[PDB]
Amino acid sequence: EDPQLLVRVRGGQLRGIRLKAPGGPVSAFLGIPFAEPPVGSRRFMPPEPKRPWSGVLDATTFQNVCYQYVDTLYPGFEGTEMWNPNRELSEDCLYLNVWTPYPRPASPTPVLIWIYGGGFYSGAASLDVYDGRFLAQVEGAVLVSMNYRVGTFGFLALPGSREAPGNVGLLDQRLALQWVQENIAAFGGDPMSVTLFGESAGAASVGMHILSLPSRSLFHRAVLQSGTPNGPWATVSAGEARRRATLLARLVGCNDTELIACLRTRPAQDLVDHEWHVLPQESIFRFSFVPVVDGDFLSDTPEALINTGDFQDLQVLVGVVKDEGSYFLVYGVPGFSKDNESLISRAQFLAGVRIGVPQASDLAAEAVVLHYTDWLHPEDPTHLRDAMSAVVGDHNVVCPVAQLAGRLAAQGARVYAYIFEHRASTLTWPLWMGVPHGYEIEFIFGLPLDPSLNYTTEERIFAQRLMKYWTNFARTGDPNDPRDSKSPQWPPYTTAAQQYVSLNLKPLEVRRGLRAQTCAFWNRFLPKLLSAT
Amino acid sequence: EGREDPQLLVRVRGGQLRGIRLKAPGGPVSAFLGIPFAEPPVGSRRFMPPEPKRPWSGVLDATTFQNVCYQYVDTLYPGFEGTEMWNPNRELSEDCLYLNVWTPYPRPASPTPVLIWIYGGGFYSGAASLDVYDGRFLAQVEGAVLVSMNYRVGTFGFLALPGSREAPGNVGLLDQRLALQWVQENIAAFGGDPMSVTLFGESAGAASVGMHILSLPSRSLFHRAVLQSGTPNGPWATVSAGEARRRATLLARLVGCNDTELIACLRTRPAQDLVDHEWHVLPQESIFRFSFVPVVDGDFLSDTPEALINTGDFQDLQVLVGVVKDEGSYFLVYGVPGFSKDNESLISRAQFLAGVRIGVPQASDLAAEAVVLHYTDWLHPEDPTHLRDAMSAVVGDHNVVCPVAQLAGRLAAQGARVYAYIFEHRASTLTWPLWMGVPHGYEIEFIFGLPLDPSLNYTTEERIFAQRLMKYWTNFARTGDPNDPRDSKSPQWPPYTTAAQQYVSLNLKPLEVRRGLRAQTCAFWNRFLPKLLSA
Ligand SMILES: *[C@@H]1O[C@H](CO)[C@@H](O)[C@H](O)[C@H]1NC(C)=O
């Protein structure tokens with residue numbers, strides 16, 4: 001009974017496991033319950049604090065992954081499977097993991113809380129890419145990750161109802177943050193220095209915690225990687241959530257109270273079966289059950305909230321990867337596949353745009369096509385392919401991120417921005433997808449430090465660099481190594497200068513304007529095209 | 001005759017002409033100036049088609065330029081060369097339908113290629129007698145027969161009651177067509193080859209050239225065409241029949257006036273009255289808009305130029321087209337608040353938004369928003385220098401550069417041999433400020449070879465440059481190809497194609513080949529903006 005692996009939290013005792021990281025041991029506490037299992041009558045409902053437990057709860061193993069769609073587009077392919085559940089599915093999934101240095105830190109240590117992506121329909125804190133051992137070992141970071149409900153279970157709302165208020169997945173996260181405030185000191189984490197970080201939907205979730213007052217007392221800093229609360233995909237209106245919930249119910253054979261009672265009687269997989277048959281249009285980067293603008297958790301739209309919010313005593317790190325949109329195209333854009341080079345035609349491109357920007361009118365779609373057509377090579381297949389990728393990445397990530405960075409900086413935040421441009425050597429996706437959505441995570445988490453993963457020496461040093469930026473940010477609100485001069489400084493992002501840095505194998509390069517012209521098209525023009533028409 | 005220079009006595013269909021031996025730098029040229037090609041379009045003939053000049057008797061003196069067609073005289077900057085060079089340089093009179101011929105001296109033995117100049121001036125001004133249209137250098141240095149003609153401008157050439165007998169519109173264009181006919185019949189008298197006639201013109205001259213391309217009865221009258229910074233298509237060169245009716249009726253009201261009764265009243269008005277009100281008839285506050293322009297009459301122009309270039313068969317056609325670096329800069333001082341020749345014209349974002357409304361007077365709110373969006377540099381959205389240049393670009397692109405791209409594109413796609421240029425050399429003698437760059441109209445002096453006149457103070461490189469340009473142009477006139485078929489050292493000027501979109505830079509440096517004529521930006525004006533404005 002190693003006394004370093006034995007901790008007492010408000011609910012009782014836990015016993016972790018000593019895990020091996022390349023440069024030494026780390027204490028891991030895996031599958032710590034933070035909520036009552038949200039099962040039976042508690043499906044679709046807000047989480048409640050886990051009741052205390054007797055004796056020593058075994059926290060040496062990852063708990064169940066929340067009930068979700070499992071991906072089958074490319075069975076047995078590592079590129080898709082790395083995002084697939086790696087533990088048993090179960091509605092009983094409200095668990096969090098903690099990694100600390102071994103021995104557990106002597107002084108209060110900054111806490112990083114990870115919030116996975118997965119389009120609000122999938123994900124799990126237990127994937128290899130979110131492994132906290134390296135950050136814990138190399139940087140001395142106390143790292144926390146939590147499971148939160150996804151799909152219908154986390155996000156199906158009948159807004160205004162008592163039994164499906166919506167945003168419960170987000171409340172799952174909030175409860176885990178609450179859990180951190182109350183318990184992390186026991187692990188030698190500093191509750192007064194909690195940085196949230198997340199990618200894709202996890203990034204949108206971080207952004208919603210920024211935009212939701214009761215979350216603000218629970219962290220001091222945020223990192224949003226390739227995702228935002230604003231933009232086309234991260235939220236739906238009350239009216240729209242009701243409609244999909246209503247539609248899914250009918251689809252599974254089901255007054256709010258009565259409708260929800262019936263949904264609660266259905267096996268999990270039944271709801272997941274028809275999850276994807278509620279989207280209003282054929283569309284990539286669109287997700288059935290996502291956070292709802294409820295006038296509660298989110299008092300207004302994220303757009304409204306970031307335009308008017310006061311972000312003065314807040315530090316934010318935000319960024320994107322070089323090819324945000326490539327990944328998504330192979331999920332229903334004709335002409336796109338991982339298996340060939342996906343050189344498309346002009347016609348495939350116009351049809352592709354109606355899917356990538358599914359909310360767009362004929363006119364708006366035309367505006368898009370005409371903006372993204374390189375007019376010197378109008379029908380070049382490489383150009384059209386790369387442009388399709390760009391349309392989707394810009395619409396869904398880069399421009400919402402630029403939009404967020406701008407508003408936050410204008411309104412008092414300290415903002416640091418990046419673009420991630422190193423394609424992992426081990427990437428199993430074809431070359432044309434470039435640096436796809438999500439392939440920066442393994443690097444931030446420090447996976448290349450595991451010599452058995454066959455990442456290049458260079459990639460290992462890169463990963464060390466990134467872990468340093470992220471943890472320096474966690475530590476100070478500033479990603480710069482406060483002992484260094486060689487390698488330029490990472491300047492804050494501002495609305496004036498619009499400075500961001502490229503993250504890749506070369507030293508930091510400062511660039512200005514993050515797709516400034518193209519994001520002006522998305523953030524300023526297209527709205528007007530739809531608000532008048 | 002008897003004691004006169006035997007090289008200066010020519011006969012044409014209407015009689016005998018005495019010309020004048022002129023001194024050019026490399027030797028003498030024959031000039032026949034002020035040859036009437038039409039009955040004076042006066043009195044009851046104002047607004048009417050030109051009637052062919054009735055034969056005269058005796059020897060017509062053709063040794064001086066004739067009257068300039070009645071027109072508005074620019075006063076914006078009194079004393080200033082930059083504006084005066086464009087102002088009438090002979091008496092203003094409605095009796096102005098004369099033309100000029102420059103040939104070698106002595107006149108060539110074998111028939112030589114004819115270049116016919118059609119001057120610009122927005123269809124409200126111009127004269128074939130301005131110094132920058134001096135045909136002597138092209139005549140002396142390239143052995144060209146150069147012909148230029150006056151055509152009625154403003155109301156006299158373009159006021160139209162479409163459908164009426166007494167003011168059918170496009171008569172200015174018909175003046176041009178009459179001089180083309182005169183060339184067909186008479187040019188061989190001068191050693192000109194009527195079977196090798198190249199039209200070239202700039203701005204409204206270029207637009208004019210393009211309308212001859214687009215109007216079948218003019219097609220038989222020339223073989224090759226040069227359009228300099230102007231096109232029959234685009235937002236300024238034509239008006240709908242309805243809009244010309246509107247402008248003409250309104251002008252009539254303004255001066256005190258059944259179409260017959262109205263036109264008859266207009267004909268009783270002094271010429272100067274019409275000029276005094278010609279600017280009071282435009283629908284919006286605008287620059288690069290002109291009141292009385294070619295009308296889409298279903299006669300001269302059987303459809304809109306856009307429709308005709310979209311669907312025309314241009315198989316035989318050889319066309320040279322291009323633009324100056326800063327097409328728009330000139331126009332900004334003529335009524336965009338903020339802009340002037342006397343300072344750097346650094347403007348505010350506000351002045352930019354307002355300038356866009358004036359520069360694109362046909363744009364709805366959303367359309368203008370799009371323009372502003374497209375031309376703003378979002379790195380420095382408030383920068384006065386960018387905003388100034390952007391304002392220029394907007395006006396330049398919308399009126400000239402993108403029309404030329406649309407034209408070049410359509411013509412190429414439909415059988416034409418198109419050669420394309422961007423002229424980027426700023427005259428060392430330019431009197432406009434530096435910020436205006438290479439303004440609209442400032443390639444003309446080079447094509448015409450003025451720098452060859454050592455009294456004009458052009459640099460030696462400009463002299464060599466002018467010669468180069470004269471060579472490009474007259475080769476194109478001669479062959480349909482601006483390239484020198486010998487000189488293979490010099491980089492070749494490739495045709496412009498939809499595939500490769502090649503055009504050449506014209507400046508002091510040897511030819512450079514570039515691809516795409518503001519391709520991205522012109523897709524906005526040519527492909528997107530129309531679609532917007534269907535909403
Ligand atoms: C050209 O230069 C000479 C220099 O002696 C000067 O006297 C003359 O006024 C100049 N003329 C022009 C065209 O400006």
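Whatever order the structure lists ligands and atoms in, that order sets their numbers, starting from 1. Each chain gets a letter, A, B and so on, in the order the sequences are listed, and its residues count up from 1.
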Tell me, yes or no, whether the heavy-atom count around B:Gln272 atom CD, taken from other residues, nucleotides or ligands under 6.0 Å, exceeds 12.
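Counting other residues, nucleotides and ligands, CD of B:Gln272 exceeds 12 neighbours.
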Using side-chain heavy atoms (C-beta onward) and a distance below 4.5 Å, is B:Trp86 in contact with B:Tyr119?
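No, too far: nothing below the 4.5 Å cut-off.
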Using ring centroids (six-membered ring only for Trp), state whether B:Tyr334 and B:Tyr330 fall under 6.0 Å.
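Close enough - the centres of the two rings lie under 6.0 Å apart.
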B:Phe288 ring center within less than 6.0 Å of B:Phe331 ring center:
yes
Test salt bridge (charged side-chain N to carboxylate O under 4.0 Å, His left out) on B:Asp5 and B:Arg21; report intermediate values, then the result.
CA-CA 8 Å; B:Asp5 188 332; B:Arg21 188 186 129 120; 5.5 Å; no
Considering only heavy atoms, which protein residues lie less than 4.0 Å from any atom of ligand 1?
B:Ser455, B:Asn457
Is there a donor-acceptor pair closer than 3.5 Å between any side-chain N or O of B:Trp473 and the backbone N or O of B:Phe448?
no
